[PDB]
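Below, in structure tokens: the form deposited in one PDB entry, a single chain.
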């Protein structure tokens, strides 16, 4: 198995300092963090259509740093912003602000009650954190699973997903980093080395929920076939191919005014066949 962490750039309430607070964690099954500061019940990950659309669009023109020689969040951020500017994903004037954001304090659930909670924020051109302009949507996962760690294998390597809003961006950008050697980072408190880093930054745009975008990226990384492909991927094209297979074997459930268990249980052959096709091209077998 694997461990994945999702961190969203947010502001605290006491000092109004923007920072990184983890929002959800994955060990196959997804756990979510409530506003109280406790973890919600573990559940199978369900993704929204817009999140997967947006993830595919940003991954198609994404920035991959495979077998990367770094062992620090600062160094990984430096090389990532360098390859961002080289690919013209961000303007060079934004490197200072993006690097300032990436190396903030990465808080965890153990300091939520110590602080005054976290609120969504957008990075600005200056060093001051602003308030989002788009209408807000309280997390459906928070409303559903949160209102109420020994499973990690010793040899597993963690994955860190960072989602943040910065209004000084032309378009959302994705930087996917695989380290050559798994390293421990100050962002993750758990004693598991980090192998993959997802960095998803961009401006406030319609149909873009960066929490849902990070949830989609973390669910994709928690998928066994994409993880195995990512460990052996030597180019962005192979990761895009794995994402294409992931979307091919996905099941989209349209809305209906007659929700029923029996009607939903008629899709068992569909789910089994999609799993079979997903694991057909993989070296691994389904558990």
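Residue numbers count along the first chain shown, from 1. Basically, rigid core = biggest C-alpha set you can superpose within 1.5 Å across the two forms.
As for the form deposited in another entry, it is not shown, yet the points below apply to it.
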| item | value |
| --- | --- |
| Of the candidates 110, 206, 154, 191, the only Cα that travels 2 Å or more between this form and the one not shown, given a rigid-core fit | 191 |
| Threshold 2 Å Cα movement between this form and the one not shown at residue 264, rigid core reference | yes |
| Cα separation of residue 188 and residue 74 in that other deposited form versus here, shift of 3 Å or more | closer |
| Residue 51 and residue 187, C-alpha gap in that other deposited form relative to this structure (3 Å or more) | farther |
